[PDB]
């Protein structure tokens, strides 16, 4: 059906997504004569990328790429915020029949590149260590994103043709947070002078800036030098 559905669990403050991408998948695999395991990896990257593309806050494109020292040294899917997808895989050898994700890629990484329509490019990387792509990607999110995130990816055949789908769950940012408010806190915070920040006690810096707002302060943490003597 090739559609991605967005939904919100009102009571848990968690968003979810579901995508089945299979007419798109066929156009991506079409006339490349990819062996089977390669076909599956791409079907999986396709779902992953489509699910991530939907979480984008700004217009731009995202690429989720696998590269390594294995028979399949490259697999990539690139998608934009309009859900237009494309990709390829490069093979250079020994693809065993029941290739593993680790077997296909070998020693490698999962590289995610986010290019905003406006601004500049960002790229993030984690070693490929999970057994599954969904698992590798959750490793990436766990280290790079505060909001807990889960990915579920399925692939198989339907009507003898390739088909795949997947779902995502991500904690939402607090309801309370208004955009104009956050911006106000920031503008306010920027009125801090170097001298005030560097010479006055912490509490005073805080009431001088935020006495109008309700603020809970926690126990401070000593910052110290990491010695080698």
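Residue numbers count along the first chain shown, from 1.
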{"property": "Mean Cα B-factor comparison, 91-99 or 128-136, giving the higher one as deposited", "result": "91-99"}
{"property": "Entry-level comparison of average CA B-factors, 13-21 and 212-220, reporting the higher stretch", "result": "212-220"}
{"property": "Out of 67, 40, 191, 63, highest CA B-factor residue", "result": "191"}
{"property": "Out of 110, 85, 105, 114, residue topping the C-alpha B-factor column of the entry", "result": "105"}
{"property": "Third of chain Cα B-factors occupied by residue 229", "result": "highest"}
{"property": "Third of the chain, ranked by Cα B-factor, where residue 151 sits", "result": "lowest"}
{"property": "Residue 45, C-alpha B-factor rank within chain (lowest, middle or highest third)", "result": "lowest"}
{"property": "Record-listed C-alpha B factor of residue 142: chain third", "result": "middle"}
{"property": "Third of chain Cα B-factors occupied by residue 77", "result": "lowest"}
